[PDB]
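Next up: just one chain, as structure tokens, the form deposited in one PDB entry.
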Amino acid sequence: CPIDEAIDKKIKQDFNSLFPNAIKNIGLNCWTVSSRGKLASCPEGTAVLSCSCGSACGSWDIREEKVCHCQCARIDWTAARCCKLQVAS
């Protein structure tokens, strides 16, 4: 099957040379969303990677893989770290 045999090999070769380059060209795009009160939400299309809280509060949980909730009493602000991937080119 010589041609369809060889074309596929050239595709595999070409792909292998160019994939890792195309993977180094993508990055993590992260920003913070902060709100007064006990909740801060990441937008659709992003993941929540961490939370931060005012008033020294280290105790948080993430609700529905979207919303940072700070647990301590009378919290003044909540912040979520939101990330998605970005092609840098």
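Shifts are known only where both forms have a C-alpha. Residue indices: 1-based, along the sequence shown. Whichever C-alpha set is largest while still superposing within 1.5 Å between the two forms counts as the rigid core.
| task | Give the stretch, out of 53-61 and 22-30, with the larger mean C-alpha temperature factor in the deposited entry. | result | The entry gives the higher C-alpha B-factor average to 22-30.
| message | When the Cα temperature factors in the entry are averaged, is it 5-13 or 72-80 that ends up higher? | response | Result of the comparison: 5-13.
This protein has a second form, the form deposited in another entry, left out of what is shown; the following refers to that one.
| After superposition on the rigid core, does the Cα atom of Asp76 shift by at least 2 Å between this form and the one not shown? | No, its C-alpha moves less than 2 Å.
| query | Superposing on the rigid core, where do three or more consecutive Cα atoms all move 2 Å or more between this form and the one not shown? | reply | Residues 1-26, 87-89 form the shifted runs.
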